$ cat work14.cif   # mmCIF, C-alpha atoms and all ligand atoms
data_query
loop_
_atom_site.label_atom_id
_atom_site.label_comp_id
_atom_site.auth_asym_id
_atom_site.auth_seq_id
_atom_site.Cartn_x
_atom_site.Cartn_y
_atom_site.Cartn_z
CA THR T 3 86.72 102.74 121.52
CA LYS T 4 88.90 99.81 120.13
CA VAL T 5 91.63 100.07 117.48
CA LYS T 6 90.73 97.89 114.47
CA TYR T 7 93.22 95.15 113.52
CA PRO T 8 94.89 96.60 110.34
CA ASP T 9 93.94 93.82 107.90
CA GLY T 10 96.21 93.68 104.86
CA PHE T 11 98.87 96.08 106.35
CA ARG T 12 101.65 93.95 104.73
CA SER T 13 100.39 95.34 101.34
CA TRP T 14 100.76 98.98 102.57
CA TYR T 15 103.58 101.51 101.98
CA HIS T 16 106.87 100.65 103.77
CA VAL T 17 107.92 103.88 105.54
CA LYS T 18 111.27 102.87 107.09
CA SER T 19 113.02 100.22 109.20
CA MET T 20 115.36 100.13 112.19
CA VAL T 21 117.16 97.37 114.20
CA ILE T 22 117.26 97.55 117.99
CA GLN T 23 119.97 95.18 119.29
CA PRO T 24 120.88 93.95 122.77
CA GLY T 25 122.54 96.74 124.76
CA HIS T 26 120.22 99.44 123.37
CA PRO T 27 118.17 101.12 126.15
CA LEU T 28 114.92 99.90 124.46
CA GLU T 29 116.11 96.22 123.90
CA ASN T 30 113.10 95.21 126.08
CA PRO T 31 110.42 95.17 124.68
CA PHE T 32 111.32 96.92 121.34
CA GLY T 33 114.34 94.68 120.49
CA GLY T 34 114.46 93.23 116.98
CA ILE T 35 114.11 94.40 113.34
CA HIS T 36 111.03 96.67 112.93
CA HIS T 37 109.31 97.93 109.80
CA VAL T 38 106.87 100.83 109.75
CA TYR T 39 103.86 100.75 107.38
CA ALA T 40 101.33 103.45 106.46
CA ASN T 41 97.99 103.26 104.72
CA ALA T 42 97.08 105.96 102.13
CA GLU T 43 95.54 108.31 104.77
CA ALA T 44 98.70 108.03 106.92
CA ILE T 45 100.87 108.78 103.79
CA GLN T 46 98.94 112.15 103.57
CA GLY T 47 100.10 112.97 107.16
CA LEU T 48 103.69 111.66 106.78
CA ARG T 49 104.14 113.78 103.59
CA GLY T 50 103.50 116.96 105.62
CA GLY T 51 99.78 117.05 104.94
CA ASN T 52 97.25 116.44 107.76
CA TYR T 53 96.27 112.95 109.08
CA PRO T 54 92.67 112.14 108.11
CA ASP T 55 90.55 110.03 110.43
CA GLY T 56 91.22 106.46 109.33
CA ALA T 57 95.03 106.93 108.93
CA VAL T 58 96.82 103.83 110.30
CA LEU T 59 100.48 103.35 111.08
CA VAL T 60 101.87 99.92 111.96
CA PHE T 61 105.12 99.07 113.81
CA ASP T 62 105.91 95.49 112.66
CA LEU T 63 108.51 93.92 115.04
CA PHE T 64 110.49 90.79 114.14
CA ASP T 65 112.87 88.76 116.20
CA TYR T 66 116.13 88.20 114.27
CA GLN T 67 118.92 85.60 114.19
CA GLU T 68 122.64 86.23 113.69
CA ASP T 69 123.81 84.22 110.62
CA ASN T 70 127.50 84.76 109.71
CA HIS T 71 127.58 88.61 109.85
CA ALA T 72 123.96 88.84 108.61
CA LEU T 73 120.90 89.63 110.73
CA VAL T 74 118.05 87.46 109.35
CA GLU T 75 114.36 88.03 110.14
CA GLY T 76 112.85 85.38 112.41
CA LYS T 77 109.37 85.15 113.93
CA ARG T 78 107.14 88.19 114.29
CA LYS T 79 107.13 89.36 117.95
CA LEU T 80 104.23 91.86 117.77
CA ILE T 81 102.71 94.77 115.87
CA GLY T 82 101.94 98.20 117.24
CA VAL T 83 99.06 100.10 115.66
CA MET T 84 98.15 103.79 115.69
CA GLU T 85 94.68 104.53 114.28
CA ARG T 86 93.66 108.20 113.71
CA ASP T 87 90.28 109.35 115.17
CA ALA T 88 90.53 112.92 116.51
CA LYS T 89 87.18 112.66 118.42
CA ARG T 90 87.17 108.96 119.56
CA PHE T 91 90.89 108.85 120.62
CA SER T 92 90.98 112.49 121.94
CA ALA T 93 92.28 111.18 125.35
CA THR T 94 95.53 110.04 123.59
CA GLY T 95 96.13 112.93 121.12
CA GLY T 96 93.64 111.70 118.42
CA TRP T 97 95.47 108.35 117.88
CA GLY T 98 94.27 105.00 119.28
CA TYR T 99 97.21 102.83 120.43
CA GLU T 100 96.98 98.99 120.34
CA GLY T 101 99.43 96.10 120.29
CA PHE T 102 98.80 92.62 118.78
CA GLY T 103 101.01 89.80 120.03
CA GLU T 104 102.70 87.97 117.09
CA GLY T 105 100.53 90.29 114.93
CA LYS T 106 97.54 88.04 115.77
CA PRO T 107 94.15 89.83 115.89
CA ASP T 108 93.29 87.56 118.90
CA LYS T 109 96.23 88.84 121.08
CA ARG T 110 95.44 92.49 122.00
CA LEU T 111 98.10 93.80 124.39
CA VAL T 112 97.13 97.34 125.61
CA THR T 113 95.36 97.42 129.03
CA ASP T 114 95.43 101.16 129.97
CA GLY T 115 93.62 102.78 126.97
CA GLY T 116 97.10 103.43 125.42
CA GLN T 117 98.13 105.99 128.10
CA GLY T 118 101.56 104.16 128.38
CA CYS T 119 102.14 104.27 124.58
CA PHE T 120 100.98 107.91 124.44
CA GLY T 121 103.31 108.85 127.37
CA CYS T 122 106.29 108.22 125.03
CA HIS T 123 104.62 109.30 121.71
CA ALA T 124 103.54 112.63 123.39
CA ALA T 125 107.23 113.79 123.01
CA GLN T 126 106.46 114.06 119.20
CA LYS T 127 103.42 116.39 119.63
CA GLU T 128 104.98 118.78 117.00
CA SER T 129 104.80 115.95 114.35
CA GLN T 130 101.28 114.76 115.51
CA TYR T 131 102.80 112.07 117.84
CA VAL T 132 104.56 110.20 114.98
CA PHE T 133 108.29 109.52 115.28
CA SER T 134 108.88 108.06 111.78
CA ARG T 135 109.91 110.38 108.90
CA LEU T 136 109.12 109.58 105.27
CA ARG T 137 112.37 108.90 103.31
CA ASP T 138 113.07 108.20 99.56
CA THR P 3 118.76 95.50 75.88
CA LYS P 4 119.04 97.55 79.16
CA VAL P 5 116.98 97.09 82.35
CA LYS P 6 114.51 99.98 82.82
CA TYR P 7 114.89 102.06 85.98
CA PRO P 8 112.00 100.83 88.24
CA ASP P 9 110.20 104.19 88.79
CA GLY P 10 107.87 104.21 91.84
CA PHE P 11 109.41 100.97 93.34
CA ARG P 12 109.20 102.53 96.87
CA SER P 13 105.33 102.24 96.53
CA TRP P 14 105.62 98.48 95.77
CA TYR P 15 105.13 95.47 98.09
CA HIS P 16 107.84 95.03 100.77
CA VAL P 17 108.82 91.35 100.53
CA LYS P 18 111.44 91.13 103.31
CA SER P 19 114.57 92.77 104.72
CA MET P 20 118.02 91.61 105.88
CA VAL P 21 121.14 93.22 107.40
CA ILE P 22 124.54 92.33 105.90
CA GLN P 23 127.23 93.36 108.40
CA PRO P 24 130.99 93.81 107.95
CA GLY P 25 132.73 90.40 107.56
CA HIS P 26 129.87 88.95 105.51
CA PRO P 27 131.08 87.25 102.30
CA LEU P 28 128.96 89.86 100.33
CA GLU P 29 129.87 92.98 102.45
CA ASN P 30 131.46 94.25 99.18
CA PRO P 31 129.26 95.50 97.62
CA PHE P 32 126.01 94.47 99.37
CA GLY P 33 126.81 95.44 103.04
CA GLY P 34 124.06 97.45 104.75
CA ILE P 35 120.32 97.15 105.50
CA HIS P 36 118.44 95.94 102.37
CA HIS P 37 114.70 95.83 101.65
CA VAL P 38 113.30 93.67 98.81
CA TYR P 39 110.33 95.10 96.82
CA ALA P 40 108.18 93.31 94.24
CA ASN P 41 105.78 94.81 91.69
CA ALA P 42 102.38 93.10 91.13
CA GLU P 43 103.79 90.82 88.42
CA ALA P 44 106.71 89.68 90.63
CA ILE P 45 104.21 88.83 93.47
CA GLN P 46 102.69 86.22 91.06
CA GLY P 47 106.08 84.41 90.99
CA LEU P 48 106.75 84.83 94.73
CA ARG P 49 103.32 83.21 95.51
CA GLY P 50 104.25 80.04 93.49
CA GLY P 51 103.34 81.10 89.93
CA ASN P 52 105.58 81.51 86.90
CA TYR P 53 107.25 84.98 86.88
CA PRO P 54 105.50 86.86 84.04
CA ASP P 55 107.33 89.18 81.63
CA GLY P 56 107.34 92.61 83.35
CA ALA P 57 107.93 91.20 86.88
CA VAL P 58 110.47 93.44 88.70
CA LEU P 59 112.27 92.75 92.01
CA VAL P 60 114.30 95.55 93.67
CA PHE P 61 117.10 95.08 96.26
CA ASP P 62 117.10 98.48 98.01
CA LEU P 63 120.43 98.86 99.95
CA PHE P 64 121.00 101.44 102.69
CA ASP P 65 124.15 102.20 104.60
CA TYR P 66 123.57 102.20 108.35
CA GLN P 67 125.13 103.77 111.41
CA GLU P 68 125.35 101.75 114.64
CA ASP P 69 124.31 104.13 117.48
CA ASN P 70 124.04 102.63 121.04
CA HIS P 71 123.44 99.16 119.42
CA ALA P 72 120.60 100.44 117.21
CA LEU P 73 121.20 100.10 113.44
CA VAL P 74 119.80 103.31 111.93
CA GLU P 75 119.26 103.62 108.14
CA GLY P 76 121.61 106.16 106.55
CA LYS P 77 121.99 107.04 102.88
CA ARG P 78 120.88 104.77 100.05
CA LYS P 79 123.96 103.02 98.63
CA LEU P 80 122.40 101.37 95.53
CA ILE P 81 119.44 99.38 94.22
CA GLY P 82 119.76 96.05 92.48
CA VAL P 83 117.07 95.31 89.87
CA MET P 84 115.85 92.06 88.26
CA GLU P 85 113.50 92.63 85.27
CA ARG P 86 111.72 89.61 83.78
CA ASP P 87 111.70 89.25 79.96
CA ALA P 88 112.09 85.63 78.90
CA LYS P 89 113.14 86.65 75.33
CA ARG P 90 115.15 89.91 75.74
CA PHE P 91 117.15 88.50 78.75
CA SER P 92 117.56 84.82 77.55
CA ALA P 93 121.40 85.07 77.99
CA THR P 94 120.85 85.51 81.81
CA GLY P 95 117.96 83.00 82.27
CA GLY P 96 115.20 85.51 81.31
CA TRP P 97 116.00 88.10 84.06
CA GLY P 98 117.85 91.34 83.23
CA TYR P 99 120.20 92.35 86.09
CA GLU P 100 121.12 96.00 86.74
CA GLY P 101 122.28 98.17 89.58
CA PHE P 102 121.67 101.89 90.10
CA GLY P 103 124.15 103.78 92.31
CA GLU P 104 122.28 105.69 95.07
CA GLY P 105 119.06 104.46 93.37
CA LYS P 106 119.65 107.09 90.59
CA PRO P 107 118.67 106.21 86.99
CA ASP P 108 121.92 107.58 85.47
CA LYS P 109 124.31 105.54 87.76
CA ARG P 110 124.28 102.08 86.08
CA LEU P 111 126.51 99.61 87.94
CA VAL P 112 126.44 96.40 85.80
CA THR P 113 129.24 96.35 83.20
CA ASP P 114 129.22 92.62 82.13
CA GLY P 115 125.57 92.32 80.85
CA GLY P 116 124.77 90.79 84.28
CA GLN P 117 126.80 87.54 83.90
CA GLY P 118 128.29 87.98 87.45
CA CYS P 119 124.84 88.61 89.02
CA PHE P 120 123.40 85.64 87.03
CA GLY P 121 126.34 83.40 88.09
CA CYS P 122 125.24 83.64 91.75
CA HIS P 123 121.42 83.84 91.15
CA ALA P 124 121.73 80.64 88.97
CA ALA P 125 122.00 78.70 92.30
CA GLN P 126 118.21 79.42 92.65
CA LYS P 127 117.23 78.13 89.14
CA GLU P 128 114.62 75.84 90.87
CA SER P 129 113.05 79.02 92.41
CA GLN P 130 113.23 80.89 89.01
CA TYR P 131 116.55 82.62 90.12
CA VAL P 132 115.00 84.42 93.15
CA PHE P 133 116.38 83.94 96.67
CA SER P 134 113.73 85.92 98.65
CA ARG P 135 110.65 84.05 99.92
CA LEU P 136 107.28 85.61 100.65
CA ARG P 137 106.61 85.89 104.36
CA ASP P 139 103.46 87.11 106.13
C1 LIG I 1 109.04 105.20 123.78
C2 LIG I 1 109.59 104.40 124.96
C3 LIG I 1 107.86 104.47 123.16
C4 LIG I 1 106.77 103.76 123.67
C5 LIG I 1 106.40 103.45 125.09
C6 LIG I 1 106.04 103.33 122.53
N1 LIG I 1 106.61 103.69 121.36
FE1 LIG I 1 105.83 103.50 119.51
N2 LIG I 1 107.51 104.32 118.74
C7 LIG I 1 108.56 104.79 119.45
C8 LIG I 1 109.60 105.16 118.60
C9 LIG I 1 110.92 105.74 118.99
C10 LIG I 1 109.18 104.93 117.32
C11 LIG I 1 109.91 105.19 116.01
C12 LIG I 1 110.64 103.97 115.46
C13 LIG I 1 111.43 104.22 114.20
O1 LIG I 1 111.88 103.35 113.43
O2 LIG I 1 111.72 105.49 113.97
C14 LIG I 1 107.87 104.39 117.47
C15 LIG I 1 107.00 104.14 116.41
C16 LIG I 1 105.70 103.61 116.53
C17 LIG I 1 104.84 103.44 115.37
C18 LIG I 1 105.13 103.85 113.96
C19 LIG I 1 104.67 105.34 113.80
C20 LIG I 1 105.67 106.31 114.46
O3 LIG I 1 105.28 107.00 115.38
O4 LIG I 1 106.84 106.32 113.97
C21 LIG I 1 103.68 102.91 115.90
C22 LIG I 1 102.49 102.47 115.07
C23 LIG I 1 103.87 102.85 117.26
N3 LIG I 1 105.11 103.24 117.69
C24 LIG I 1 102.93 102.36 118.21
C25 LIG I 1 103.11 102.22 119.58
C26 LIG I 1 102.18 101.57 120.47
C27 LIG I 1 100.86 100.94 120.08
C28 LIG I 1 102.75 101.60 121.73
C29 LIG I 1 102.18 101.06 123.06
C30 LIG I 1 101.83 99.54 122.89
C31 LIG I 1 103.98 102.29 121.53
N4 LIG I 1 104.19 102.65 120.25
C32 LIG I 1 104.84 102.61 122.56
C33 LIG I 1 108.60 104.92 120.82
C34 LIG I 1 107.71 104.37 121.76
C1 LIG I 2 125.66 85.90 95.23
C2 LIG I 2 127.18 85.99 95.34
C3 LIG I 2 125.01 87.13 94.66
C4 LIG I 2 125.38 88.03 93.70
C5 LIG I 2 126.73 88.15 93.00
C6 LIG I 2 124.28 88.83 93.44
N1 LIG I 2 123.25 88.50 94.26
FE1 LIG I 2 121.39 89.38 94.22
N2 LIG I 2 120.95 88.33 95.82
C7 LIG I 2 121.67 87.41 96.51
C8 LIG I 2 121.03 86.90 97.63
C9 LIG I 2 121.46 85.84 98.60
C10 LIG I 2 119.83 87.57 97.70
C11 LIG I 2 118.73 87.48 98.72
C12 LIG I 2 118.74 88.48 99.82
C13 LIG I 2 117.70 88.29 100.88
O1 LIG I 2 117.32 89.25 101.60
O2 LIG I 2 117.25 87.08 101.03
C14 LIG I 2 119.83 88.41 96.57
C15 LIG I 2 118.72 89.22 96.24
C16 LIG I 2 118.60 89.96 95.06
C17 LIG I 2 117.40 90.58 94.65
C18 LIG I 2 116.01 90.46 95.30
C19 LIG I 2 115.33 89.19 94.73
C20 LIG I 2 115.89 87.87 95.20
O3 LIG I 2 116.40 87.14 94.35
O4 LIG I 2 115.79 87.64 96.40
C21 LIG I 2 117.69 91.31 93.52
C22 LIG I 2 116.75 92.23 92.74
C23 LIG I 2 119.04 91.05 93.28
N3 LIG I 2 119.59 90.23 94.17
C24 LIG I 2 119.79 91.63 92.24
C25 LIG I 2 121.14 91.38 91.97
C26 LIG I 2 121.87 92.10 90.94
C27 LIG I 2 121.31 93.13 90.03
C28 LIG I 2 123.18 91.61 91.02
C29 LIG I 2 124.39 92.05 90.19
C30 LIG I 2 124.49 93.57 90.34
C31 LIG I 2 123.15 90.65 92.06
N4 LIG I 2 121.90 90.50 92.66
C32 LIG I 2 124.21 89.83 92.46
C33 LIG I 2 122.91 86.97 96.04
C34 LIG I 2 123.68 87.51 95.00
ZN ZN I 3 133.36 86.12 111.00
ZN ZN I 4 126.39 96.59 118.62
#
$ encode --input "work14.cif" --output "structure tokens" --more "lines below"
Ligand code: HEC
Ligand code: HEC
Ligand SMILES: [Zn+2]
Ligand SMILES: [Zn+2]
Amino acid sequence: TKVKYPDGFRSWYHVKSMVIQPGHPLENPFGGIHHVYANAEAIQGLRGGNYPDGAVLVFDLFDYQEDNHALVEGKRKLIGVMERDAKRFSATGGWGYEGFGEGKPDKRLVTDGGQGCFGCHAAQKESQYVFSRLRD
Amino acid sequence: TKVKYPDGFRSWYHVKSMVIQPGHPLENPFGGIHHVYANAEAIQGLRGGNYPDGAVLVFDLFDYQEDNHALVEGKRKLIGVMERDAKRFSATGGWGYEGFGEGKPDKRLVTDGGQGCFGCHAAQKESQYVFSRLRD
């Protein structure tokens, strides 16, 4: 029933990045520089193949500092994790949703079985609940 | 004599990212969202080892569009490449410096054998000419 902490995700494929700045509707709690990572199984799904059980996507969210017309990464705020298990996470579209505060395995954030996460991700049903697109 | 195009660099380790906004001293030509990638050999140097011959670092630069105070990755502008070969690149401190317009192998940007690149990177001689630091 629990999403595994995605040990070693910093060695995984970098899918894409985005910066959410003050004034954006999602500044709270998604504000900062985020990086999306995918393990090999998730890469199969992002390429237009199917997502095998065991696919993991990670949303890696950093605070940032303004430094003379540069935005510089600061401390990690949190990670979001989607873990594919069609049977075990069938209540939330076959993905398990978990958050880890400061990316620490000891700071699990999700309290409602990931119904809140899935409420937003459900909009992407046609791409298996994944917003991110693979780019070059 | 020429830096090899780093084929498959998008599958390499994501070191870090930074945004260089308009007004930054380096807006021309490095403005945009950049991601730094390291092959296995370059990771040896970033961890505190000597950079071995064959280490490659890539500066992957994207334009961005500001949309409701989100910075959204646009088209790739260029990649910058540092290729370690203590002997073949001795004139520029044992790194060969190249750029590829739009990340395309036939769009070589460096016209001065990398003396301008080396002139700035020489500030980091004590870190073997590399600015980026490994983060977790
Ligand atoms: C809308 C308000 C969302 C809620 C609530 C949650 N997420 Fe989300 N997520 C959202 C967007 C718009 C994106 C794409 C970001 C980008 O750069 O394009 C994401 C992405 C993720 C990812 C990466 C995979 C993907 O779908 O692109 C993960 C791993 C992820 N989100 C997890 C996640 C979790 C665990 C949430 C509840 C704690 C959660 N998200 C909520 C939009 C929204
Ligand atoms: C100072 C005026 C610079 C010039 C000219 C060039 N580079 Fe550079 N480079 C600079 C900085 C401050 C950084 C770090 C960015 C960060 O996010 O911290 C970089 C980075 C690179 C990298 C990545 C490895 C590293 O040293 O951090 C590469 C591969 C790189 N630069 C290549 C490069 C090339 C090919 C240049 C001439 C075309 C070049 N740089 C010029 C600063 C400066
Ligand atoms: Zn200014
Ligand atoms: Zn703005």
$ axis_aligned_box --input "work14.cif" --around "range 3-17 of chain P" --padding-each-side "6 Å" --output "AutoDock Vina command-line options"
--center_x 112.1 --center_y 97.8 --center_z 88.3 --size_x 25.9 --size_y 24.9 --size_z 36.9
$ closest_atom_pairs --input "work14.cif" --of "chain T" --to "ligand LIG 1 (chain I)" --cutoff "6 Å" --atoms "all atoms listed in the file" --output "JSON lines"
{"residue": "T:19", "atom": "CA", "partner": "I:LIG1", "partner_atom": "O1", "distance": 5.4}
{"residue": "T:20", "atom": "CA", "partner": "I:LIG1", "partner_atom": "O1", "distance": 4.9}
{"residue": "T:38", "atom": "CA", "partner": "I:LIG1", "partner_atom": "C18", "distance": 5.5}
{"residue": "T:59", "atom": "CA", "partner": "I:LIG1", "partner_atom": "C22", "distance": 4.6}
{"residue": "T:60", "atom": "CA", "partner": "I:LIG1", "partner_atom": "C22", "distance": 4.1}
{"residue": "T:61", "atom": "CA", "partner": "I:LIG1", "partner_atom": "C22", "distance": 4.5}
{"residue": "T:82", "atom": "CA", "partner": "I:LIG1", "partner_atom": "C27", "distance": 4.1}
{"residue": "T:83", "atom": "CA", "partner": "I:LIG1", "partner_atom": "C22", "distance": 4.2}
{"residue": "T:84", "atom": "CA", "partner": "I:LIG1", "partner_atom": "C22", "distance": 4.6}
{"residue": "T:99", "atom": "CA", "partner": "I:LIG1", "partner_atom": "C27", "distance": 4.1}
{"residue": "T:100", "atom": "CA", "partner": "I:LIG1", "partner_atom": "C27", "distance": 4.4}
{"residue": "T:101", "atom": "CA", "partner": "I:LIG1", "partner_atom": "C30", "distance": 4.9}
{"residue": "T:112", "atom": "CA", "partner": "I:LIG1", "partner_atom": "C30", "distance": 5.9}
{"residue": "T:118", "atom": "CA", "partner": "I:LIG1", "partner_atom": "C5", "distance": 5.9}
{"residue": "T:119", "atom": "CA", "partner": "I:LIG1", "partner_atom": "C29", "distance": 3.6}
{"residue": "T:122", "atom": "CA", "partner": "I:LIG1", "partner_atom": "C1", "distance": 4.3}
{"residue": "T:123", "atom": "CA", "partner": "I:LIG1", "partner_atom": "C34", "distance": 5.8}
{"residue": "T:132", "atom": "CA", "partner": "I:LIG1", "partner_atom": "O3", "distance": 3.3}
{"residue": "T:133", "atom": "CA", "partner": "I:LIG1", "partner_atom": "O4", "distance": 3.7}
{"residue": "T:134", "atom": "CA", "partner": "I:LIG1", "partner_atom": "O4", "distance": 3.5}
$ write_last_selection --input "work14.cif" --atoms "C-alpha atoms" --output "JSON list (two decimals), in the coordinates of the input"
[["chain", "number", "residue", "atom", "x", "y", "z"],
["T", 19, "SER", "CA", 113.02, 100.22, 109.20],
["T", 20, "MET", "CA", 115.36, 100.13, 112.19],
["T", 38, "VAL", "CA", 106.87, 100.83, 109.75],
["T", 59, "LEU", "CA", 100.48, 103.35, 111.08],
["T", 60, "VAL", "CA", 101.87, 99.92, 111.96],
["T", 61, "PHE", "CA", 105.12, 99.07, 113.81],
["T", 82, "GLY", "CA", 101.94, 98.20, 117.24],
["T", 83, "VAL", "CA", 99.06, 100.10, 115.66],
["T", 84, "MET", "CA", 98.15, 103.79, 115.69],
["T", 99, "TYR", "CA", 97.21, 102.83, 120.43],
["T", 100, "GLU", "CA", 96.98, 98.99, 120.34],
["T", 101, "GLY", "CA", 99.43, 96.10, 120.29],
["T", 112, "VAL", "CA", 97.13, 97.34, 125.61],
["T", 118, "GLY", "CA", 101.56, 104.16, 128.38],
["T", 119, "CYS", "CA", 102.14, 104.27, 124.58],
["T", 122, "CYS", "CA", 106.29, 108.22, 125.03],
["T", 123, "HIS", "CA", 104.62, 109.30, 121.71],
["T", 132, "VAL", "CA", 104.56, 110.20, 114.98],
["T", 133, "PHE", "CA", 108.29, 109.52, 115.28],
["T", 134, "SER", "CA", 108.88, 108.06, 111.78]]
$ interface_residues --input "work14.cif" --of "chain P" --to "chain T" --cutoff "12 Å" --atoms "only C-alpha atoms" --output "number ranges by chain"
P: 9-29, 32-42, 45, 62-78, 104-106, 134-137, 139
$ atom_distance --input "work14.cif" --atom1 "CA of residue 125 in chain P" --atom2 "CA of residue 5 in chain P"
21.5 Å
$ calpha_fit_and_write --input "work14.cif" --fixed "chain P" --moving "chain T" --output "short mmCIF file (atom, residue, chain, number, x, y, z; two decimals) with C-alpha atoms, keeping the file's coordinate frame"
data_model
loop_
_atom_site.label_atom_id
_atom_site.label_comp_id
_atom_site.auth_asym_id
_atom_site.auth_seq_id
_atom_site.Cartn_x
_atom_site.Cartn_y
_atom_site.Cartn_z
CA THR T 3 118.33 95.14 75.84
CA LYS T 4 118.43 97.57 78.91
CA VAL T 5 116.65 97.08 82.24
CA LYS T 6 114.21 99.96 82.85
CA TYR T 7 114.75 102.04 86.01
CA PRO T 8 111.87 100.83 88.31
CA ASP T 9 110.11 104.18 88.80
CA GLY T 10 107.95 104.27 91.93
CA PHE T 11 109.40 100.99 93.40
CA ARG T 12 109.23 102.54 96.93
CA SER T 13 105.39 102.23 96.60
CA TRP T 14 105.65 98.46 95.80
CA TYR T 15 105.19 95.41 98.08
CA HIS T 16 107.96 94.97 100.70
CA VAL T 17 109.02 91.30 100.43
CA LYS T 18 111.63 91.03 103.21
CA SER T 19 114.77 92.63 104.67
CA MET T 20 118.19 91.50 105.86
CA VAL T 21 121.28 93.21 107.41
CA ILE T 22 124.76 92.28 106.22
CA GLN T 23 127.33 93.52 108.77
CA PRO T 24 131.13 93.75 108.71
CA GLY T 25 132.67 90.28 109.02
CA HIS T 26 130.03 88.65 106.79
CA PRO T 27 131.59 87.10 103.64
CA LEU T 28 129.47 89.47 101.45
CA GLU T 29 130.27 92.71 103.48
CA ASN T 30 131.74 94.08 100.19
CA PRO T 31 129.73 95.12 98.19
CA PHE T 32 126.41 93.87 99.76
CA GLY T 33 127.05 95.31 103.28
CA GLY T 34 124.23 97.32 104.85
CA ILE T 35 120.45 97.01 105.49
CA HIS T 36 118.63 95.81 102.32
CA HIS T 37 114.93 95.70 101.51
CA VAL T 38 113.44 93.65 98.69
CA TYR T 39 110.46 95.01 96.71
CA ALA T 40 108.19 93.35 94.14
CA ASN T 41 105.73 94.78 91.67
CA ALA T 42 102.36 92.99 91.14
CA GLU T 43 103.75 90.69 88.37
CA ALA T 44 106.67 89.67 90.63
CA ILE T 45 104.17 88.97 93.51
CA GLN T 46 102.54 86.37 91.12
CA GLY T 47 105.95 84.59 90.84
CA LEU T 48 106.92 84.90 94.54
CA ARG T 49 103.53 83.40 95.58
CA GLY T 50 104.38 80.19 93.68
CA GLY T 51 102.71 81.26 90.45
CA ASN T 52 104.80 81.99 87.31
CA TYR T 53 106.69 85.29 86.68
CA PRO T 54 105.03 87.24 83.85
CA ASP T 55 107.17 89.36 81.56
CA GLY T 56 107.29 92.75 83.26
CA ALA T 57 107.83 91.33 86.81
CA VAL T 58 110.42 93.49 88.64
CA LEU T 59 112.26 92.78 91.85
CA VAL T 60 114.37 95.46 93.54
CA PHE T 61 117.19 95.01 96.10
CA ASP T 62 117.31 98.38 97.93
CA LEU T 63 120.63 98.68 99.86
CA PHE T 64 121.18 101.26 102.62
CA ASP T 65 124.28 102.12 104.54
CA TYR T 66 123.53 102.12 108.30
CA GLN T 67 124.91 103.81 111.42
CA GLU T 68 125.29 102.29 114.89
CA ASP T 69 123.31 104.45 117.39
CA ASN T 70 123.33 103.10 120.98
CA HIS T 71 122.44 99.42 120.23
CA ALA T 72 120.25 100.44 117.26
CA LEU T 73 121.17 100.14 113.57
CA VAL T 74 119.70 103.23 111.84
CA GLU T 75 119.28 103.56 108.06
CA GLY T 76 121.68 106.04 106.46
CA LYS T 77 122.20 106.92 102.80
CA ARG T 78 121.11 104.60 100.01
CA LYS T 79 124.17 102.80 98.55
CA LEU T 80 122.55 101.28 95.43
CA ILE T 81 119.60 99.32 94.07
CA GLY T 82 119.73 96.04 92.21
CA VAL T 83 116.98 95.35 89.69
CA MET T 84 115.77 92.12 88.09
CA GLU T 85 113.32 92.66 85.21
CA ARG T 86 111.53 89.59 83.71
CA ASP T 87 111.66 89.16 79.88
CA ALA T 88 112.00 85.47 78.95
CA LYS T 89 112.93 86.27 75.28
CA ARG T 90 114.97 89.54 75.64
CA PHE T 91 116.99 88.41 78.75
CA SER T 92 117.26 84.71 77.66
CA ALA T 93 121.12 84.92 78.00
CA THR T 94 120.68 85.44 81.80
CA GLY T 95 117.78 83.03 82.59
CA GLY T 96 114.94 85.39 81.43
CA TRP T 97 115.84 88.15 83.97
CA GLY T 98 117.71 91.36 83.09
CA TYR T 99 120.15 92.37 85.86
CA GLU T 100 121.04 96.07 86.45
CA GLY T 101 122.43 98.13 89.31
CA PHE T 102 121.80 101.87 89.94
CA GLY T 103 124.32 103.67 92.13
CA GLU T 104 122.55 105.50 95.03
CA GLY T 105 119.34 104.33 93.27
CA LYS T 106 119.91 107.11 90.70
CA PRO T 107 118.62 106.34 87.17
CA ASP T 108 121.78 108.13 85.84
CA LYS T 109 124.25 105.69 87.57
CA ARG T 110 123.90 102.30 85.80
CA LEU T 111 126.48 99.87 87.20
CA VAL T 112 126.39 96.57 85.19
CA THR T 113 129.05 96.32 82.41
CA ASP T 114 128.93 92.60 81.41
CA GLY T 115 125.23 92.15 80.40
CA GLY T 116 124.57 90.88 83.99
CA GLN T 117 126.64 87.67 83.53
CA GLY T 118 128.32 88.39 86.98
CA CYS T 119 124.94 88.86 88.74
CA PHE T 120 123.52 85.78 86.98
CA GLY T 121 126.60 83.68 87.97
CA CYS T 122 125.42 83.91 91.62
CA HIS T 123 121.61 83.99 90.95
CA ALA T 124 121.97 80.83 88.73
CA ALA T 125 122.31 78.79 92.02
CA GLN T 126 118.51 79.48 92.51
CA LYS T 127 117.45 78.05 89.10
CA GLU T 128 114.81 75.87 90.92
CA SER T 129 113.07 79.10 92.20
CA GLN T 130 113.50 80.97 88.81
CA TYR T 131 116.79 82.63 89.99
CA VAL T 132 115.13 84.46 92.94
CA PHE T 133 116.60 84.01 96.42
CA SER T 134 113.92 85.90 98.41
CA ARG T 135 110.92 83.98 99.84
CA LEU T 136 107.56 85.65 100.47
CA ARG T 137 106.82 85.77 104.25
CA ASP T 138 103.73 86.96 106.28
#
$ residues_near_point --input "work14.cif" --point "(87.5, 111.7, 111.4)" --cutoff "12 Å" --atoms "all atoms listed in the file" --output "list in words"
residues 43, 52, 53, 54, 55, 56, 57, 85, 86, 87, 88, 89, 90, 91, 92, 96 and 97 of chain T
